[PDB]
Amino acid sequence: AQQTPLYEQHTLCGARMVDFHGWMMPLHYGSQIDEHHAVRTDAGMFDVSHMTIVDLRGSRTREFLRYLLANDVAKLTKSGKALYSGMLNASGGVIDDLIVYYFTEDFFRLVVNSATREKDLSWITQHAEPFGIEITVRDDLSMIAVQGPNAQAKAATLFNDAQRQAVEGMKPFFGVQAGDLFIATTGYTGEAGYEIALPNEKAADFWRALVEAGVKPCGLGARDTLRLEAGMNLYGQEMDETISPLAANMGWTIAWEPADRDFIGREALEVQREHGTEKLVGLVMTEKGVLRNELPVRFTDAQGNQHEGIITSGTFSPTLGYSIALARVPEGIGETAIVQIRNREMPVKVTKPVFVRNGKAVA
């Protein structure tokens, strides 16, 4: 199992390390519930250095990404603008989800998951080649996500004048290089904040200065409960190569217009949109207990007929005080369902696939 440049800083901060897809990462630093609370109420931070960052350069970059991705980078028209997108196979299944940042007509950046690094790099280097793209894997960079209502203010105490200038007023989903910091208003928690990428050799010290600025170290435990509350997918659970984005609440990321933009998977998607698909819903279990991954979700239509979906992610929501889940279910599900726990059938409420928005339960 590998480690990040921050391995030491983590143990100094009291991390309980676990093996996470071949990297030793902090599960938590003492209390995941407290870490979750910090992000929701103040400022918390995560070592996200195990994500892969890809720089793409050459006059054909925009053109290439319009083909690679299901959202449409032509939407990015202001310097530094970012969007979220899936990257599909030819059958319309999801290879990965990712964020892409536009810098100049000839310079884009992708940030992809850690578990999917090798498969994505191969897919990307495979399809980029005929476009002649210069593809750079930025393993020389670490990245820290700083998240919470005071995260931006705390992080900015570490910025020099030029960096503060660069980010002042920066709206959500933008990224900017300012000296050796790349600062972007992106995140996976549902709160405002930054992700900051910087050279590996500077990352230990930035983490230390962030701790000292009052940002709480948060591990994978809290990372999961924050993202799930926020309705954000985890590749491998909400979708994978066999699951269409339209079954993973990523329908909204598919840029269908302009219709003359072909992208990998568009044809199969078009067919799936026409044949219809399952859908990703939220589950809320107000009774005692905790929903867990891969549990069956059952409901009975008006006609007396039983139907079954599956939980893709379940957790306890510290912001709701109740167990929540994302689940993939046939269309026509109603307001309630039943989930099998141990060997008893627990009622759940069926909801939109999002639990906490702009700070509060979206109840």
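In case it trips you up, residue 1 is the first one in the sequence shown, and so on.
S.K.: Please work out which of 157-165 and 133-141 has the higher mean CA B-factor as recorded in the PDB entry.
M.R.: Higher mean C-alpha B-factor: 157-165.
S.K.: Using only C-alpha atoms and the B-factors in the entry, which stretch averages higher, 336-344 or 14-22?
M.R.: According to the entry, 336-344 carries the higher average C-alpha B-factor.
S.K.: Tell me, please, which of 152, 244, 114, 189 has the highest C-alpha B factor according to the deposited entry?
M.R.: Out of 152, 244, 114, 189, the record gives the largest C-alpha B-factor to 114.
S.K.: Per the coordinate record, which of the options 170, 285, 95, 230 holds the highest CA temperature factor?
M.R.: Out of 170, 285, 95, 230, the record gives the largest C-alpha B-factor to 170.
S.K.: Hey, what third does residue 38 fall into on Cα B-factor, ranked over its chain?
M.R.: Lowest third.
S.K.: Going by the recorded CA B-factors, say which third of the chain residue 296 sits in, lowest, middle or highest.
M.R.: According to the entry, residue 296 has a C-alpha B-factor in the chain's highest third.
S.K.: Split into thirds by Cα B-factor across the chain's modelled residues, where does residue 308 land: lowest, middle or highest?
M.R.: Highest third, going by the recorded CA B-factors of the chain.
S.K.: When the deposited Cα B-factors of this chain's modelled residues are ordered and cut into thirds, is residue 314 in the lowest, the middle or the highest one?
M.R.: Tercile = lowest for this residue's CA B-factor.
S.K.: For residue 331, does the deposited CA B-factor place it in the lowest, middle or highest third of the chain?
M.R.: Highest third - that is where residue 331 ends up once the chain's C-alpha B-factors are sorted.
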